[PDB]
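This report refers to the structure that appears directly beneath it.
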Amino acid sequence: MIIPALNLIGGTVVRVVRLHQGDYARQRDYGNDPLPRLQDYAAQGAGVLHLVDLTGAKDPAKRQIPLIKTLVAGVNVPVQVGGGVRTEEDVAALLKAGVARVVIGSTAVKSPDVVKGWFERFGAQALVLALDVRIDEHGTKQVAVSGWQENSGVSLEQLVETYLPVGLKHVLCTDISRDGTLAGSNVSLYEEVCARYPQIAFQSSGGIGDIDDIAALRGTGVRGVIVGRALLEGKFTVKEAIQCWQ
Ligand code: NA
């Protein structure tokens, strides 16, 4: 399924780039109209919508709950939301606002015992494990908690195996070398991890540049294709992407 994605800083739809140390920097503003944008996506048939709340990522006290509530109320498919989700109270607040699935990032690497508790409390269908991956010179799929600078000492597979016994189901795997590049996604990466873990519903993220890039993912076993920039820049429509995917 095609999963259109929006990044939000204080009500504004933005493009961000990842920096050397993993931090996100703003590049350009697309506009102050997330609701009509999401509704355009939803109306065209998007099966899931992905939001990153960068304001809340910087300070969880400033989680954009009122905005998120209005966006969920405007659509009729699951909305998944990430952006520095670090405590169970943060997860609960998002779910209470009507978010379908909460995307969990670096906390799942740093504090696995804590996050295992979240799976027990919230259930596997409400949680998406985000894995930002950099494939190093040795072929290891490094999970980046700090971008390109330091090696986390944790692999994609190590983390997937960590959470399978508590029922892990959804994994968002971003290739950080392809994020925002319009290169095409890392097809062989997704072919490999999807076959390696048939019980996991993987979402691909990063690199989609044109309709052919969506076609290239069709046989991989990927269950969701996240598309940010190419939809925002009008390379193709959500309708066209769905017609291609199916
Ligand atoms: Na679809």
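Chain labels A, B, ... are given in the sequence in which chains occur in the structure tokens; within each chain residues are numbered consecutively from 1, and ligands are likewise numbered from 1 in the order shown.
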Notebook entry, point to check: Which residues come within 9 Å of residue A:195, counting only C-alpha atoms, excluding same-chain residues fewer than 4 positions away, as a ChimeraX atom specification?
Noted result: /A:190-191,220-221
Item checked: For stretch 41-47 of chain A: contacts at 8 Å, only C-alpha atoms, fewer than 5 positions along chain excluded, given as a ChimeraX atom specification -> /A:1-4,75-78,238-239,242
Take the selection from the previous step and output its residues with N, CA and C atoms, as a CSV table (one decimal), in the first residue's frame.
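And here's result_30.csv as it stands now:
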chain,number,residue,atom,x,y,z
A,1,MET,N,0.8,-1.2,0.0
A,1,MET,CA,0.0,0.0,0.0
A,1,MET,C,0.8,1.3,0.0
A,2,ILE,N,0.4,2.3,-0.7
A,2,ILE,CA,1.1,3.6,-0.8
A,2,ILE,C,0.8,4.4,0.5
A,3,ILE,N,1.8,4.9,1.1
A,3,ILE,CA,1.6,5.7,2.4
A,3,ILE,C,2.2,7.1,2.2
A,4,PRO,N,1.4,8.1,1.8
A,4,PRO,CA,1.8,9.5,1.7
A,4,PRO,C,2.3,10.0,3.1
A,75,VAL,N,-9.9,12.8,8.1
A,75,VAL,CA,-9.7,11.6,7.2
A,75,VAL,C,-10.3,10.4,7.7
A,76,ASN,N,-10.3,9.3,7.0
A,76,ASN,CA,-11.0,8.0,7.3
A,76,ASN,C,-10.2,6.8,7.2
A,77,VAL,N,-8.9,6.9,7.2
A,77,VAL,CA,-8.0,5.8,7.2
A,77,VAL,C,-7.0,5.9,8.3
A,78,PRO,N,-6.3,4.9,8.7
A,78,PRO,CA,-5.3,5.0,9.8
A,78,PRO,C,-4.2,6.0,9.5
A,238,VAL,N,-1.2,10.6,-6.0
A,238,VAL,CA,-1.5,9.4,-5.2
A,238,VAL,C,-2.3,8.4,-6.0
A,239,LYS,N,-3.3,8.8,-6.8
A,239,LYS,CA,-4.0,7.9,-7.7
A,239,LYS,C,-3.0,7.1,-8.6
A,242,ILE,N,-1.1,4.5,-6.6
A,242,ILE,CA,-1.9,3.4,-6.2
A,242,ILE,C,-2.2,2.5,-7.4
Note to self: At a cut-off of 12 Å, using only C-alpha atoms, what residues contact residue A:86? Leave out same-chain residues fewer than 6 positions from it and give the result as a list in words.
What the structure shows: residues 56, 57, 58, 59, 60, 61, 63, 92, 93, 94, 102, 103, 104, 105, 106, 107, 108, 109, 110, 111, 112, 114, 115 and 118 of chain A
Next item on the list: Compile the contact shell of residue A:229 as a ChimeraX atom specification: residues with an atom at most 9 Å away, counting only C-alpha atoms, same-chain residues fewer than 5 positions apart removed.
Entry: /A:5-6,15,180-182,207-209,234-235
Note to self: Residues within 12 Å of residue A:130, please, as number ranges by chain. Count only C-alpha atoms; anything in the same chain fewer than 3 positions from it doesn't count.
What the structure shows: A: 52, 80-85, 101-109, 127, 133, 143-145, 156, 159-160, 168-176, 202-205
Write a file of the just-selected residues containing N, CA, C and O atoms, as a CSV table (one decimal), in the first residue's frame.
chain,number,residue,atom,x,y,z
A,52,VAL,N,5.1,13.2,10.6
A,52,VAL,CA,6.1,13.4,11.6
A,52,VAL,C,6.0,14.7,12.2
A,52,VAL,O,5.9,15.8,11.5
A,80,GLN,N,-0.6,7.2,11.0
A,80,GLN,CA,0.5,6.9,11.9
A,80,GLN,C,1.4,8.1,12.2
A,80,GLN,O,1.6,8.9,11.3
A,81,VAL,N,1.8,8.3,13.4
A,81,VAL,CA,2.5,9.5,13.8
A,81,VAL,C,3.8,9.2,14.5
A,81,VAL,O,3.8,8.4,15.5
A,82,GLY,N,4.9,9.8,14.1
A,82,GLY,CA,6.2,9.7,14.8
A,82,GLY,C,6.7,11.1,15.1
A,82,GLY,O,6.1,12.1,14.7
A,83,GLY,N,7.9,11.2,15.7
A,83,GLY,CA,8.6,12.4,16.0
A,83,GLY,C,9.0,12.5,17.4
A,83,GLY,O,8.2,13.0,18.3
A,84,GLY,N,10.2,11.9,17.7
A,84,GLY,CA,10.7,11.9,19.1
A,84,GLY,C,9.6,11.4,20.1
A,84,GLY,O,9.4,12.0,21.1
A,85,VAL,N,9.0,10.2,19.8
A,85,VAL,CA,8.2,9.5,20.8
A,85,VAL,C,9.0,8.8,21.8
A,85,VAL,O,9.7,7.7,21.4
A,101,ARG,N,-1.5,4.3,14.8
A,101,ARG,CA,-0.2,3.6,15.2
A,101,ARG,C,0.8,4.7,15.5
A,101,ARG,O,0.9,5.7,14.8
A,102,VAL,N,1.6,4.5,16.5
A,102,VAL,CA,2.6,5.4,16.9
A,102,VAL,C,4.0,4.9,16.5
A,102,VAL,O,4.3,3.7,16.7
A,103,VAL,N,4.7,5.7,15.8
A,103,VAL,CA,6.0,5.3,15.3
A,103,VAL,C,7.1,5.6,16.3
A,103,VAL,O,7.3,6.7,16.8
A,104,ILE,N,7.8,4.6,16.7
A,104,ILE,CA,8.8,4.7,17.8
A,104,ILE,C,10.2,4.7,17.2
A,104,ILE,O,10.6,3.8,16.4
A,105,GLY,N,11.0,5.6,17.6
A,105,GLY,CA,12.4,5.7,17.1
A,105,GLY,C,13.5,5.2,18.0
A,105,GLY,O,13.5,4.1,18.4
A,106,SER,N,14.4,6.2,18.4
A,106,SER,CA,15.6,5.8,19.1
A,106,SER,C,15.4,5.2,20.4
A,106,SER,O,16.3,4.5,20.9
A,107,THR,N,14.3,5.5,21.1
A,107,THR,CA,14.0,4.9,22.4
A,107,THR,C,14.0,3.4,22.3
A,107,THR,O,14.4,2.7,23.3
A,108,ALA,N,13.6,2.8,21.2
A,108,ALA,CA,13.6,1.4,21.0
A,108,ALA,C,15.0,0.8,21.0
A,108,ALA,O,15.1,-0.4,21.2
A,109,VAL,N,16.0,1.6,20.7
A,109,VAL,CA,17.4,1.2,20.7
A,109,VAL,C,18.0,1.3,22.0
A,109,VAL,O,18.6,0.4,22.6
A,127,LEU,N,1.8,0.0,17.3
A,127,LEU,CA,3.2,0.5,17.4
A,127,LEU,C,4.0,0.1,16.1
A,127,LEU,O,3.9,-1.0,15.6
A,133,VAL,N,18.4,3.1,8.9
A,133,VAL,CA,19.5,2.2,8.6
A,133,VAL,C,20.6,2.8,7.6
A,133,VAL,O,20.2,3.5,6.7
A,143,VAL,N,21.8,0.4,12.6
A,143,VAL,CA,20.7,1.3,13.0
A,143,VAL,C,21.3,2.6,13.5
A,143,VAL,O,22.2,2.6,14.4
A,144,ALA,N,21.0,3.7,12.9
A,144,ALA,CA,21.6,5.0,13.2
A,144,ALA,C,20.8,5.7,14.3
A,144,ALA,O,19.6,5.9,14.1
A,145,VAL,N,21.4,5.9,15.4
A,145,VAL,CA,20.8,6.7,16.5
A,145,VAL,C,21.5,8.1,16.4
A,145,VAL,O,21.0,9.0,17.1
A,156,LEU,N,20.0,-3.8,12.2
A,156,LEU,CA,18.6,-3.9,11.9
A,156,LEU,C,18.1,-5.3,12.5
A,156,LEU,O,17.0,-5.4,13.2
A,159,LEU,N,17.8,-5.7,16.3
A,159,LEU,CA,16.6,-5.0,16.8
A,159,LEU,C,15.3,-5.7,16.5
A,159,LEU,O,14.4,-5.8,17.4
A,160,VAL,N,15.2,-6.1,15.3
A,160,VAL,CA,14.0,-6.9,14.9
A,160,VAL,C,13.9,-8.2,15.8
A,160,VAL,O,12.8,-8.5,16.4
A,168,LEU,N,6.2,-8.0,17.7
A,168,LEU,CA,6.5,-7.0,16.7
A,168,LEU,C,5.9,-7.3,15.4
A,168,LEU,O,6.1,-8.5,14.9
A,169,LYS,N,5.3,-6.4,14.7
A,169,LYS,CA,4.6,-6.6,13.5
A,169,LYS,C,4.9,-5.6,12.4
A,169,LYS,O,5.1,-5.9,11.3
A,170,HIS,N,5.0,-4.3,12.8
A,170,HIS,CA,5.2,-3.2,11.9
A,170,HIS,C,6.6,-2.6,12.0
A,170,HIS,O,6.9,-2.1,13.1
A,171,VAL,N,7.3,-2.5,10.9
A,171,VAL,CA,8.6,-1.9,11.0
A,171,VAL,C,8.8,-0.9,9.8
A,171,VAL,O,8.5,-1.2,8.6
A,172,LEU,N,9.2,0.3,10.1
A,172,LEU,CA,9.4,1.3,9.1
A,172,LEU,C,10.9,1.4,9.0
A,172,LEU,O,11.6,1.8,9.9
A,173,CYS,N,11.4,1.0,7.8
A,173,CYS,CA,12.9,0.9,7.6
A,173,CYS,C,13.3,1.9,6.6
A,173,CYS,O,13.0,1.8,5.4
A,174,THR,N,13.9,3.0,7.1
A,174,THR,CA,14.4,4.1,6.2
A,174,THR,C,15.9,3.9,5.9
A,174,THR,O,16.7,3.8,6.8
A,175,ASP,N,16.2,3.9,4.6
A,175,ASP,CA,17.6,4.0,4.2
A,175,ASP,C,18.1,5.4,4.3
A,175,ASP,O,17.7,6.2,3.4
A,176,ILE,N,18.9,5.8,5.2
A,176,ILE,CA,19.2,7.2,5.5
A,176,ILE,C,20.1,7.8,4.4
A,176,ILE,O,20.2,9.0,4.2
A,202,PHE,N,6.9,-4.8,6.6
A,202,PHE,CA,7.8,-3.7,6.4
A,202,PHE,C,7.2,-2.5,5.6
A,202,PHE,O,6.5,-2.7,4.6
A,203,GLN,N,7.6,-1.3,6.0
A,203,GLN,CA,7.3,-0.1,5.2
A,203,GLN,C,8.6,0.4,4.7
A,203,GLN,O,9.6,0.6,5.5
A,204,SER,N,8.7,0.6,3.4
A,204,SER,CA,9.9,1.2,2.8
A,204,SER,C,9.8,2.8,3.0
A,204,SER,O,8.7,3.3,2.9
A,205,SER,N,10.9,3.4,3.1
A,205,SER,CA,10.9,4.9,3.2
A,205,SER,C,12.2,5.4,2.7
A,205,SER,O,13.3,4.9,3.0
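Here atom CA of residue A:113 and atom CA of residue A:125 stand 18.6 Å from one another.
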Next item on the list: Extract the full set of helix (DSSP H, G or I) residues from stretch 62-225 of chain A according to DSSP on the backbone, and format it as a PyMOL selection string.
Entry: chain A and resi 62+65-73+88-96+107-110+112-122+124-126+156-166+187-196+211-215
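Atom CA of residue A:19 lies 9.7 Å from atom CA of residue A:149.
Proximity to ligand 1 was assessed for A:116, A:162, A:223, A:236 counting only C-alpha atoms and all ligand atoms; the smallest distance is recorded for A:223.
The nearest approach to ligand 1 among the residues A:49, A:20, A:198, A:124, with only C-alpha atoms and all ligand atoms taken into account, belongs to A:49.
Proximity of A:34, A:147, A:206, A:165 to residue A:184, computed with only C-alpha atoms, is greatest for A:206.
Our summary of the geometry notes that atom CA of residue A:38 is positioned 12.0 Å from atom CA of residue A:8.
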